[PDB]
Amino acid sequence: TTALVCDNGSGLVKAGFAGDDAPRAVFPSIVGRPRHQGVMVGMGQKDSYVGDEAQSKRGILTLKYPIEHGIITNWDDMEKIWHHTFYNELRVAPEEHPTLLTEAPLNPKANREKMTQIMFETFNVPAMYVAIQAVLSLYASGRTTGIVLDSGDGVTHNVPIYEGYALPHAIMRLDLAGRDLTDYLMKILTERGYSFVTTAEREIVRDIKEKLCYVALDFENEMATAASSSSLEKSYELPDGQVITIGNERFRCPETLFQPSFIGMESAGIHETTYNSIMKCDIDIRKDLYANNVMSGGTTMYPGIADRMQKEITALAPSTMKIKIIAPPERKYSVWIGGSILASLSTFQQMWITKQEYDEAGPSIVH
Amino acid sequence: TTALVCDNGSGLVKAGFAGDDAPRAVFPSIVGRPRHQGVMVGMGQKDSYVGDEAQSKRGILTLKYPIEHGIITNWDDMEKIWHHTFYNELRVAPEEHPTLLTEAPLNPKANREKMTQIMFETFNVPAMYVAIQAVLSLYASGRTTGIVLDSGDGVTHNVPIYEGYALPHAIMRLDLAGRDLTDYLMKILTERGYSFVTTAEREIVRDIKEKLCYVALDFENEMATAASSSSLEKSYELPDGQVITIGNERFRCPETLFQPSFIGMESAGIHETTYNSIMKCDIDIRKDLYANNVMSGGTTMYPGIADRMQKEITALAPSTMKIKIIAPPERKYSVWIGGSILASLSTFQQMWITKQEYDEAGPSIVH
Amino acid sequence: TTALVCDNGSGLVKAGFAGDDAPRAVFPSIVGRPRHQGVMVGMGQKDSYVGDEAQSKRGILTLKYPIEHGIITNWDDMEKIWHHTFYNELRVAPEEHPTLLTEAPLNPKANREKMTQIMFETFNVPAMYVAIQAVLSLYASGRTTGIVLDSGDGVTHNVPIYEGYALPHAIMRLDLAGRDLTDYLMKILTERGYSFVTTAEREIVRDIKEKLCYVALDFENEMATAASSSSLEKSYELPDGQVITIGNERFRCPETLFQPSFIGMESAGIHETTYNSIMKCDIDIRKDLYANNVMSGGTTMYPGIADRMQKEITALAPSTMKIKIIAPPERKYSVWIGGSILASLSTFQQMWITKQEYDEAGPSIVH
Ligand SMILES: Nc1ncnc2c1ncn2[C@@H]1O[C@H](COP(=O)(O)OP(=O)(O)O)[C@@H](O)[C@H]1O
Ligand SMILES: Nc1ncnc2c1ncn2[C@@H]1O[C@H](COP(=O)(O)OP(=O)(O)O)[C@@H](O)[C@H]1O
Ligand SMILES: Nc1ncnc2c1ncn2[C@@H]1O[C@H](COP(=O)(O)OP(=O)(O)O)[C@@H](O)[C@H]1O
Ligand SMILES: [Mg+2]
Ligand SMILES: [Mg+2]
Ligand SMILES: [Mg+2]
């Protein structure tokens with residue numbers, strides 16, 4: 001009956017039935033084993049904690065993110081993520097619903113095969129399909145044309161779609177935002193004598209990466225008044241009681257995303273990968289990619305975009321073109337709000353890969 | 001059969017079966033041989049008197065404490081303590097019950113083996129285990145987080161614990177309180193012209209260390225009003241009828257522990273060893289070590305602590321952090337009431353070292 | 001006039017003019033004030049002794065290293081270090097030369113500014129520059145490619161360099177060896193019944209860390225032969241006439257630098273940090289990072305590396321890729337013999353930060 005949209009984020013895995021409100025459960029993609037000797041003898045502990053509870057047990061575990069640079073490390077950790085998601089969040093049996101899974105646009109073969117095969121044999125679902133996360137972000141703002149910028153930890157993408165076809169030859173995948181921003185924040189906060197090295201404490205870096213950062217309009221000129229002894233200091237409080245005063249590094253960390261040359265890699269800035277994906281599309285269609293520029297994903301929630309992005313695009317594109325960048329509030333749930341629209345609707349009600357078809361065809365059902 | 005918790009005090013050896021009230025026997029850990037020439041000729045007097053009988057025969061013996069600086073001096077005296085303890089207090093044979101023994105956290109190797117080994121061949125016990133005295137103090141107050149203190153005459157320890165694991169990197173052992181406080185009390189009672197030198201009479205010094213002593217809120221401000229003519233004098237009476245009036249030195253002796261520069265040693269104050277053991281724990285756990293500071297051991301019974309310790313820590317700790325320091329009645333028996341809770345409980349009924357397994361393994365069994 | 005290279009040791013300050021032999025003066029940085037009351041009104045006693053004289057007057061002082069966890073404690077003690085170093089060792093006046101100072105590759109900013117500024121106002125030197133300690137280790141063995149190690153009591157570092165560019169993305173800082181090895185030797189020597197707790201005596205432990213330790217080739221098998229009566233026992237003689245017999249623990253203390261699991265801290269050994277810095281470098285260059293592995297410092301002077309390090313890396317590295325590990329003699333003076341080659345060579349004779357430029361610009365001239 002009711003289909004299930006379960007999003008394999010690298011965040012922030014999101015789980016909720018098909019429509020109509022919001023993700024039922026969201027928690028960080030963490031499994032963590034206990035690194036210290038037991039001496040109270042309940043015994044009372046698990047062999048492996050998942051999140052939320054692996055984020056309540058900080059400082060006693062060794063956190064292992066099972067998805068790293070756009071790929072899952074091994075399915076031994078992945079199945080334990082899955083077991084936690086179905087059972088102590090959604091509560092429903094896996095044999096009850098057809099499921100809908102998400103992937104990253106341009107993900108390595110044979111990691112969709114191996115996934116599909118393992119998931120059928122481990123949880124015994126009755127039907128399934130895998131839709132890519134960028135394409136789904138079209139549905140959330142309900143547009144049939146435009147270039148989609150879907151940016152989440154740890155893979156961003158630039159996919160062009162026109163009424164309502166996706167060009168296979170103009171899709172760009174960057175392995176950059178947001179975990180490299182997390183690692184960079186840890187590298188420029190060490191620069192003020194605040195050292196973070198332990199895995200649990202690495203989460204604190206994420207919590208200040210969320211809340212306290214912002215982006216400039218013109219970097220060099222916002223940087224200029226930062227050099228003056230004028231306040232940009234906001235004072236954060238740390239869990240053990242420590243008080244940190246950051247100012248410069250606060251706008252510096254997300255600004256890193258414009259120009260990967262700050263980490264020295266040859267990769268082009270979001271400025272130019274957006275533009276170069278548009279300029280791999282056909283000449284006539286370019287007219288309508290402007291003003292259907294749609295940003296998405298959780299790593300676009302800094303309170304200093306899109307007007308940085310705006311000022312940058314308007315400078316690089318042709319003269320007198322209508323360029324408005326549509327960025328809805330609460331971009332982090334865009335993908336899920338996509339998935340919800342698909343699986344609740346017909347036509348695609350008769351289009352899942354069903355069990356008899358899977359048994360007959362085998363795991364080689366890629367296209 | 002019911003288990004036996006027999007606690008290897010540094011005091012004050014304590015003995016009583018597992019559960020549920022108080023130890024049956026507590027008495028000074030002393031052996032004393034008769035030093036003066038014999039003339040009564042009944043005769044039959046014992047070669048070595050143990051406590052408490054060696055404390056009702058003061059002035060005719062030469063007391064030799066079998067435990068000094070937290071380690072047992074020789075097993076010739078120790079076996080006579082043991083034989084006396086089981087037989088002439090409890091009235092039971094060690095063959096009947098599994099035992100539970102205690103140690104000092106960070107006790108020199110190879111003195112846990114030789115102990116374990118000698119006890120199997122001397123008393124023919126069916127099973128045993130050795131738990132460290134600091135860890136056991138958690139059970140007494142039902143804590144699942146917090147820093148634990150076994151402070152006895154004369155080895156103290158400082159162990160931080162988080163639910164329900166031990167931290168190898170945060171544990172500190174001081175060979176400071178309390179026998180050096182006794183020896184210091186005898187050295188500063190010489191300052192008022194009352195000189196004591198004999199071992200047996202040293203016990204009287206311990207008895208005034210118990211009853212008369214107290215700690216200040218602020219040393220310097222109690223010291224100021226001590227210089228005034230107003231009375232802090234309490235009049236003690238001595239075993240042969242003599243009257244001593246001490247006042248200034250009365251609050252000075254336990255105050256010595258708050259910074260042992262009085263002795264001359266470089267060793268840090270309890271104030272700071274408490275704090276510095278906390279700042280060797282992981283950052284997110286520190287939040288809950290504050291306000292689960294639980295004191296223990298008989299040597300913490302001076303009336304002025306813990307509110308000296310409280311006022312001192314709140315000054316050294318980060319701003320606006322909650323620090324409730326827990327120190328109720330029962331602290332002299334804290335460790336033992338801990339041991340009682342363990343040996344009655346399952347799972348740990350199957351976790352004693354039993355004789356066949358010992359026979360196979362040998363005395364190399366530690367870890 | 002000839003420039004002066006004075007190396008701001010983590011240890012262990014080294015001082016000597018630009019080239020070409022060895023440093024004139026080496027001593028382990030300690031300052032010690034006199035802690036007991038004077039009883040000879042002679043008296044002649046200085047307020048602060050530096051080393052050598054503060055290592056001759058052990059047991060009546062409280063030794064304080066001015067550089068702790070890779071940063072100077074405060075400039076009140078540091079300025080007295082400096083004044084002693086230039087004046088009462090090297091004899092030359094700072095007013096007569098450009099000087100050359102060393103730093104860590106990654107260290108709290110702006111404590112390189114404050115340093116540079118205070119040193120200019122206190123000693124009023126004609127010109128200066130601050131070079132990182134890791135880069136200089138290339139010069140010492142005349143390498144044009146390779147990964148550099150400054151490991152001193154207590155900062156290690158891992159910097160990859162390619163002819164003659166430094167790669168920012170791959171620089172890794174470990175706050176691991178060697179003072180935590182000093183603390184670890186003190187923590188496992190209490191396990192054999194010899195206690196060392198007071199400040200002066202802590203130096204003696206450090207001296208036994210120098211001479212008698214060694215690293216195993218195969219850990220598991222060295223542990224096997226330790227359990228038998230097969231002698232690995234060496235007899236040390238101790239300052240007050242005492243005899244120390246160490247076996248197993250002799251190889252246990254340095255083994256800590258592999259596998260930080262022994263302390264429980266979340267980090268990976270030199271084995272893995274070497275690899276993890278290489279696999280953060282661009283693909284083509286990796287070919288010459290293998291076989292230009294250059295070890296350095298004083299805390300790599302154990303007589304059981306590098307062929308352990310080699311056998312371990314060779315197992316983890318890609319198959320049939322040749323890996324030479326070059327550890328020269330002289331490693332304690334590596335940094336200094338590096339600095340010496342640079343400051344004697346033009347072109348960089350005209351590139352010191354000079355007084356007129358400093359006076360106009362202020363502390364920001366650092367970058
Ligand atoms: N307000 C915010 N500002 C900046 N970054 C944020 C904010 N909220 C969340 N993030 C980042 O966004 C990430 C979540 O992105 P998400 O949309 O879940 O990506 P995915 O769906 O691919 O997992 C988190 O890792 C977090 O670091
Ligand atoms: N009321 C008191 N005030 C101060 N000290 C006391 C008091 N009662 C006992 N003590 C001291 O505490 C010691 C006993 O401590 P205890 O908890 O038995 O240590 P352990 O268990 O390690 O032997 C005795 O040596 C005695 O000097
Ligand atoms: N033969 C040796 N074996 C092991 N360690 C040594 C030896 N000689 C010196 N050390 C250690 O090396 C340290 C000195 O390292 P050094 O190169 O001076 O570091 P830095 O230059 O950063 O101060 C000393 O603290 C000492 O403990
Ligand atoms: Mg995504
Ligand atoms: Mg005790
Ligand atoms: Mg160094």
# chains A, B, ... in the order shown; residues from 1 in each chain; ligands from 1

call {"tool": "select_by_dssp", "arguments": {"residues": "region 117-314 of chain B", "states": "strand (DSSP E or B)", "output": "PyMOL selection string"}}
result
chain B and resi 127-128+130-132+145-148+151-152+155-162+165-166+172-174+234-237+243-246+293-294

call {"tool": "write_last_selection", "arguments": {"atoms": "N, CA and C atoms", "output": "mmCIF file, in the first residue's frame"}}
result
data_model
loop_
_atom_site.group_PDB
_atom_site.id
_atom_site.type_symbol
_atom_site.label_atom_id
_atom_site.label_comp_id
_atom_site.auth_asym_id
_atom_site.auth_seq_id
_atom_site.Cartn_x
_atom_site.Cartn_y
_atom_site.Cartn_z
ATOM 1 N N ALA B 127 37.736 -20.258 45.112
ATOM 2 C CA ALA B 127 37.820 -19.297 44.038
ATOM 3 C C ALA B 127 38.023 -17.899 44.588
ATOM 4 N N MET B 128 38.513 -16.967 43.750
ATOM 5 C CA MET B 128 38.810 -15.622 44.197
ATOM 6 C C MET B 128 38.834 -14.644 43.039
ATOM 7 N N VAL B 130 40.335 -10.177 42.401
ATOM 8 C CA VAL B 130 40.893 -8.990 43.021
ATOM 9 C C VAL B 130 40.365 -7.768 42.304
ATOM 10 N N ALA B 131 39.534 -6.953 42.971
ATOM 11 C CA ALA B 131 39.037 -5.706 42.423
ATOM 12 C C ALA B 131 39.741 -4.506 43.034
ATOM 13 N N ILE B 132 40.042 -3.460 42.260
ATOM 14 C CA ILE B 132 40.694 -2.287 42.821
ATOM 15 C C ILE B 132 39.763 -1.446 43.709
ATOM 16 N N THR B 145 28.677 7.471 36.345
ATOM 17 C CA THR B 145 29.615 8.450 35.808
ATOM 18 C C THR B 145 30.276 9.059 37.021
ATOM 19 N N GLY B 146 31.511 9.605 36.914
ATOM 20 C CA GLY B 146 32.129 10.322 38.037
ATOM 21 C C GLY B 146 33.528 9.900 38.422
ATOM 22 N N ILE B 147 34.248 10.779 39.150
ATOM 23 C CA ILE B 147 35.589 10.521 39.664
ATOM 24 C C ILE B 147 35.602 9.965 41.090
ATOM 25 N N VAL B 148 36.232 8.780 41.276
ATOM 26 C CA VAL B 148 36.341 7.993 42.503
ATOM 27 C C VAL B 148 37.668 8.048 43.281
ATOM 28 N N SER B 151 41.041 6.920 49.598
ATOM 29 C CA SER B 151 42.020 7.665 50.348
ATOM 30 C C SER B 151 42.001 7.041 51.709
ATOM 31 N N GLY B 152 43.056 6.288 52.039
ATOM 32 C CA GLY B 152 43.259 5.703 53.352
ATOM 33 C C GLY B 152 44.639 5.970 53.829
ATOM 34 N N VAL B 155 47.725 5.549 51.335
ATOM 35 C CA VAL B 155 47.727 5.744 49.891
ATOM 36 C C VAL B 155 46.350 6.150 49.429
ATOM 37 N N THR B 156 46.273 7.328 48.777
ATOM 38 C CA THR B 156 45.103 7.840 48.093
ATOM 39 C C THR B 156 45.131 7.564 46.588
ATOM 40 N N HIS B 157 43.976 7.600 45.895
ATOM 41 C CA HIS B 157 43.955 7.474 44.442
ATOM 42 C C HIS B 157 42.853 8.328 43.833
ATOM 43 N N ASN B 158 43.001 8.744 42.555
ATOM 44 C CA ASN B 158 42.071 9.609 41.833
ATOM 45 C C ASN B 158 41.683 9.028 40.473
ATOM 46 N N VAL B 159 40.570 8.271 40.357
ATOM 47 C CA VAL B 159 40.163 7.617 39.108
ATOM 48 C C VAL B 159 38.907 8.200 38.432
ATOM 49 N N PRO B 160 38.923 8.753 37.215
ATOM 50 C CA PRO B 160 37.697 9.173 36.507
ATOM 51 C C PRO B 160 37.021 8.050 35.707
ATOM 52 N N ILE B 161 35.691 7.821 35.867
ATOM 53 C CA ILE B 161 34.913 6.759 35.217
ATOM 54 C C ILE B 161 33.686 7.285 34.462
ATOM 55 N N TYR B 162 33.460 6.832 33.204
ATOM 56 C CA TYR B 162 32.248 7.133 32.448
ATOM 57 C C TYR B 162 31.547 5.844 32.045
ATOM 58 N N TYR B 165 32.820 2.220 31.625
ATOM 59 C CA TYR B 165 34.164 1.865 31.250
ATOM 60 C C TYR B 165 35.208 2.651 32.013
ATOM 61 N N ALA B 166 36.406 2.054 32.121
ATOM 62 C CA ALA B 166 37.555 2.624 32.777
ATOM 63 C C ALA B 166 38.369 3.376 31.747
ATOM 64 N N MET B 172 45.306 8.694 38.311
ATOM 65 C CA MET B 172 46.407 9.192 39.119
ATOM 66 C C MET B 172 46.474 8.639 40.552
ATOM 67 N N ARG B 173 47.641 8.102 40.984
ATOM 68 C CA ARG B 173 47.871 7.551 42.319
ATOM 69 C C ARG B 173 48.817 8.444 43.112
ATOM 70 N N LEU B 174 48.403 9.010 44.265
ATOM 71 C CA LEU B 174 49.308 9.762 45.128
ATOM 72 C C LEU B 174 49.636 8.941 46.365
ATOM 73 N N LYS B 234 40.599 23.106 72.289
ATOM 74 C CA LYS B 234 39.865 21.985 72.840
ATOM 75 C C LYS B 234 40.795 21.206 73.743
ATOM 76 N N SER B 235 40.305 20.801 74.923
ATOM 77 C CA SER B 235 41.117 20.151 75.933
ATOM 78 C C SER B 235 40.964 18.655 75.832
ATOM 79 N N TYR B 236 42.045 17.946 75.475
ATOM 80 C CA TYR B 236 42.032 16.501 75.415
ATOM 81 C C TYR B 236 42.609 15.906 76.694
ATOM 82 N N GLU B 237 42.172 14.692 77.079
ATOM 83 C CA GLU B 237 42.754 13.962 78.186
ATOM 84 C C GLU B 237 43.482 12.723 77.680
ATOM 85 N N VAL B 243 46.579 16.441 80.672
ATOM 86 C CA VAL B 243 45.695 17.331 79.920
ATOM 87 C C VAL B 243 46.392 18.186 78.870
ATOM 88 N N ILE B 244 46.032 18.046 77.576
ATOM 89 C CA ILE B 244 46.617 18.815 76.478
ATOM 90 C C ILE B 244 45.608 19.806 75.909
ATOM 91 N N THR B 245 45.966 21.109 75.773
ATOM 92 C CA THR B 245 45.098 22.111 75.144
ATOM 93 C C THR B 245 45.701 22.580 73.832
ATOM 94 N N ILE B 246 45.185 22.058 72.704
ATOM 95 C CA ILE B 246 45.586 22.427 71.351
ATOM 96 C C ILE B 246 44.508 23.200 70.633
ATOM 97 N N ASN B 293 31.329 14.381 40.977
ATOM 98 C CA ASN B 293 32.495 14.314 41.837
ATOM 99 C C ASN B 293 32.126 13.667 43.164
ATOM 100 N N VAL B 294 32.403 12.361 43.316
ATOM 101 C CA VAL B 294 32.030 11.593 44.488
ATOM 102 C C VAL B 294 33.196 11.191 45.378
#

call {"tool": "residues_near_ligand", "arguments": {"ligand": "ligand 4", "cutoff": "9 Å", "atoms": "only C-alpha atoms and all ligand atoms", "output": "PyMOL selection string"}}
result
chain A and resi 7-11+70+102-105+132-134+150-157+297-298+335

call {"tool": "interface_residues", "arguments": {"of": "chain B", "to": "chain A", "cutoff": "10 Å", "atoms": "only C-alpha atoms", "output": "PyMOL selection string"}}
result
chain B and resi 131+135-136+138-139+143-144+161-168+279+281-290+317-322+342+346-348

call {"tool": "write_last_selection", "arguments": {"atoms": "N, CA, C and O atoms", "output": "tab-separated table (two decimals), in the first residue's frame"}}
result
chain	number	residue	atom	x	y	z
B	131	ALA	N	39.53	-6.95	42.97
B	131	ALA	CA	39.04	-5.71	42.42
B	131	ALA	C	39.74	-4.51	43.03
B	131	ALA	O	39.96	-4.43	44.24
B	135	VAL	N	37.41	1.82	42.17
B	135	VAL	CA	36.30	1.44	41.30
B	135	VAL	C	35.07	1.00	42.05
B	135	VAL	O	33.94	1.36	41.73
B	136	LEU	N	35.26	0.25	43.14
B	136	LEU	CA	34.20	-0.27	43.98
B	136	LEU	C	33.37	0.82	44.62
B	136	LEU	O	32.18	0.63	44.88
B	138	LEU	N	31.98	3.30	43.31
B	138	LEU	CA	30.83	3.67	42.49
B	138	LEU	C	29.55	3.01	42.94
B	138	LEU	O	28.50	3.63	43.00
B	139	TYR	N	29.63	1.70	43.23
B	139	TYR	CA	28.48	0.90	43.57
B	139	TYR	C	27.74	1.38	44.80
B	139	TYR	O	26.51	1.38	44.84
B	143	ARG	N	26.38	5.35	41.26
B	143	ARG	CA	26.75	6.22	40.16
B	143	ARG	C	27.13	5.48	38.91
B	143	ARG	O	27.64	4.36	38.96
B	144	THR	N	26.89	6.10	37.74
B	144	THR	CA	27.20	5.51	36.45
B	144	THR	C	28.21	6.38	35.71
B	144	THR	O	28.67	6.07	34.62
B	161	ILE	N	35.69	7.82	35.87
B	161	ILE	CA	34.91	6.76	35.22
B	161	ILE	C	33.69	7.29	34.46
B	161	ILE	O	32.92	8.11	34.97
B	162	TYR	N	33.46	6.83	33.20
B	162	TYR	CA	32.25	7.13	32.45
B	162	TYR	C	31.55	5.84	32.04
B	162	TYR	O	32.19	4.92	31.56
B	163	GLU	N	30.20	5.77	32.22
B	163	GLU	CA	29.29	4.67	31.91
B	163	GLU	C	29.70	3.75	30.77
B	163	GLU	O	29.57	4.10	29.59
B	164	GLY	N	30.19	2.52	31.01
B	164	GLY	CA	30.54	1.90	32.29
B	164	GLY	C	31.93	1.36	32.13
B	164	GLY	O	32.19	0.17	32.31
B	165	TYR	N	32.82	2.22	31.62
B	165	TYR	CA	34.16	1.87	31.25
B	165	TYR	C	35.21	2.65	32.01
B	165	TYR	O	35.01	3.79	32.42
B	166	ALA	N	36.41	2.05	32.12
B	166	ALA	CA	37.55	2.62	32.78
B	166	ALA	C	38.37	3.38	31.75
B	166	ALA	O	38.36	3.06	30.56
B	167	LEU	N	39.09	4.42	32.17
B	167	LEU	CA	39.88	5.23	31.27
B	167	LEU	C	41.34	4.98	31.57
B	167	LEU	O	41.80	5.36	32.65
B	168	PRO	N	42.16	4.35	30.73
B	168	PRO	CA	43.54	4.05	31.08
B	168	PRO	C	44.40	5.29	31.15
B	168	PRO	O	45.46	5.26	31.77
B	279	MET	N	41.02	16.79	33.21
B	279	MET	CA	41.55	17.28	31.95
B	279	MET	C	42.52	16.32	31.25
B	279	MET	O	43.24	16.71	30.33
B	281	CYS	N	40.74	13.39	30.43
B	281	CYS	CA	39.62	12.71	29.79
B	281	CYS	C	39.17	13.42	28.53
B	281	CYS	O	39.39	14.62	28.37
B	282	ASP	N	38.51	12.68	27.60
B	282	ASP	CA	37.94	13.18	26.36
B	282	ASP	C	36.97	14.35	26.57
B	282	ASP	O	36.28	14.46	27.58
B	283	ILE	N	36.93	15.30	25.62
B	283	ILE	CA	36.28	16.58	25.82
B	283	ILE	C	34.79	16.53	26.13
B	283	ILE	O	34.35	17.12	27.12
B	284	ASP	N	33.97	15.76	25.38
B	284	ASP	CA	32.54	15.75	25.63
B	284	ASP	C	32.18	15.05	26.95
B	284	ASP	O	31.16	15.35	27.57
B	285	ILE	N	33.06	14.18	27.49
B	285	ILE	CA	32.72	13.49	28.73
B	285	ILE	C	32.88	14.41	29.93
B	285	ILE	O	32.15	14.30	30.92
B	286	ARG	N	33.74	15.44	29.83
B	286	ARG	CA	34.05	16.32	30.94
B	286	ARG	C	32.86	17.03	31.55
B	286	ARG	O	32.77	17.20	32.77
B	287	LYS	N	31.86	17.34	30.71
B	287	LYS	CA	30.59	17.94	31.08
B	287	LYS	C	29.86	17.23	32.21
B	287	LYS	O	29.19	17.86	33.02
B	288	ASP	N	29.99	15.89	32.27
B	288	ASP	CA	29.24	15.09	33.21
B	288	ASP	C	30.14	14.60	34.32
B	288	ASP	O	29.67	14.03	35.30
B	289	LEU	N	31.46	14.85	34.24
B	289	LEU	CA	32.34	14.63	35.38
B	289	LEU	C	32.16	15.72	36.40
B	289	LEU	O	32.10	15.46	37.60
B	290	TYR	N	31.97	16.97	35.95
B	290	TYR	CA	31.44	18.01	36.81
B	290	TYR	C	30.05	17.61	37.31
B	290	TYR	O	29.18	17.23	36.53
B	317	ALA	N	37.60	25.79	37.96
B	317	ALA	CA	36.83	25.32	36.84
B	317	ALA	C	36.34	26.46	35.93
B	317	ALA	O	36.19	27.58	36.42
B	318	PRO	N	36.09	26.24	34.64
B	318	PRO	CA	35.43	27.21	33.76
B	318	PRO	C	34.19	27.89	34.32
B	318	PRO	O	33.49	27.33	35.17
B	319	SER	N	33.88	29.12	33.88
B	319	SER	CA	32.73	29.89	34.33
B	319	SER	C	31.40	29.22	34.05
B	319	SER	O	31.27	28.49	33.07
B	320	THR	N	30.41	29.43	34.92
B	320	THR	CA	29.02	28.96	34.83
B	320	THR	C	28.82	27.49	34.53
B	320	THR	O	27.94	27.09	33.77
B	321	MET	N	29.61	26.62	35.19
B	321	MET	CA	29.50	25.18	35.08
B	321	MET	C	29.08	24.63	36.43
B	321	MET	O	29.66	24.98	37.46
B	322	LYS	N	28.04	23.77	36.46
B	322	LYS	CA	27.49	23.24	37.69
B	322	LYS	C	28.35	22.15	38.33
B	322	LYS	O	28.70	21.15	37.71
B	342	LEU	N	28.56	-6.36	44.64
B	342	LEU	CA	29.09	-7.11	43.52
B	342	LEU	C	28.92	-8.59	43.72
B	342	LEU	O	28.27	-9.27	42.94
B	346	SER	N	24.49	-11.72	40.09
B	346	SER	CA	24.83	-12.22	38.76
B	346	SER	C	24.82	-11.02	37.83
B	346	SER	O	24.17	-10.02	38.11
B	347	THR	N	25.52	-10.97	36.69
B	347	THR	CA	26.31	-11.98	36.00
B	347	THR	C	27.53	-12.51	36.73
B	347	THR	O	27.93	-13.65	36.52
B	348	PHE	N	28.21	-11.68	37.56
B	348	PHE	CA	29.53	-12.03	38.06
B	348	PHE	C	29.69	-13.27	38.96
B	348	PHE	O	30.80	-13.64	39.30

call {"tool": "closest_residue", "arguments": {"among": "B:20, B:299, B:123, B:270", "to": "ligand 5", "atoms": "only C-alpha atoms and all ligand atoms"}}
result
B:299

call {"tool": "residues_around", "arguments": {"residues": "residue 54 (chain B)", "least_positions_apart": "6", "cutoff": "8 Å", "atoms": "only C-alpha atoms", "output": "list in words"}}
result
residues 30, 31, 32 and 61 of chain B

call {"tool": "write_last_selection", "arguments": {"atoms": "N, CA, C and O atoms", "output": "mmCIF file, in the first residue's frame"}}
result
data_model
loop_
_atom_site.group_PDB
_atom_site.id
_atom_site.type_symbol
_atom_site.label_atom_id
_atom_site.label_comp_id
_atom_site.auth_asym_id
_atom_site.auth_seq_id
_atom_site.Cartn_x
_atom_site.Cartn_y
_atom_site.Cartn_z
ATOM 1 N N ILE B 30 47.827 -4.289 62.744
ATOM 2 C CA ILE B 30 49.053 -4.267 63.510
ATOM 3 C C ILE B 30 49.398 -5.643 64.019
ATOM 4 O O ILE B 30 48.532 -6.408 64.444
ATOM 5 N N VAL B 31 50.697 -5.997 63.980
ATOM 6 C CA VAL B 31 51.262 -7.094 64.744
ATOM 7 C C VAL B 31 52.204 -6.493 65.759
ATOM 8 O O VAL B 31 52.926 -5.542 65.457
ATOM 9 N N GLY B 32 52.243 -7.020 66.997
ATOM 10 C CA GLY B 32 53.150 -6.500 68.009
ATOM 11 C C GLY B 32 53.666 -7.608 68.874
ATOM 12 O O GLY B 32 52.908 -8.299 69.545
ATOM 13 N N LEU B 61 54.604 -3.505 73.641
ATOM 14 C CA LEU B 61 54.854 -4.150 72.368
ATOM 15 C C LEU B 61 55.625 -3.243 71.448
ATOM 16 O O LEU B 61 55.826 -2.066 71.732
#

call {"tool": "closest_residue", "arguments": {"among": "C:330, C:357, C:96, C:79", "to": "ligand 3", "atoms": "only C-alpha atoms and all ligand atoms"}}
result
C:330

call {"tool": "residues_around", "arguments": {"residues": "residue 307 (chain C)", "least_positions_apart": "2", "cutoff": "12 Å", "atoms": "only C-alpha atoms", "output": "PyMOL selection string"}}
result
chain C and resi 215-218+271+295+302-305+309-314+323-327

call {"tool": "atom_distance", "arguments": {"atom1": "CA of residue 27 (chain C)", "atom2": "CA of residue 12 (chain C)"}}
result
5.3 Å

call {"tool": "residues_around", "arguments": {"residues": "residue 29 (chain C)", "least_positions_apart": "3", "cutoff": "10 Å", "atoms": "only C-alpha atoms", "output": "ChimeraX atom specification"}}
result
/C:8-14,26,50-52,54-55,63-67,78,81,85

call {"tool": "atom_distance", "arguments": {"atom1": "CA of residue 24 (chain C)", "atom2": "atom 22 (O, counted along the ligand's line) of ligand 3"}}
result
16.9 Å

call {"tool": "select_by_dssp", "arguments": {"residues": "region 22-220 of chain B", "states": "alpha helix (DSSP H)", "output": "ChimeraX atom specification"}}
result
/B:75-85,113-123,133-140,179-189,199-211,219-220

call {"tool": "closest_residue", "arguments": {"among": "B:100, B:171, B:22, B:110", "to": "residue 364 (chain B)", "atoms": "only C-alpha atoms"}}
result
B:110
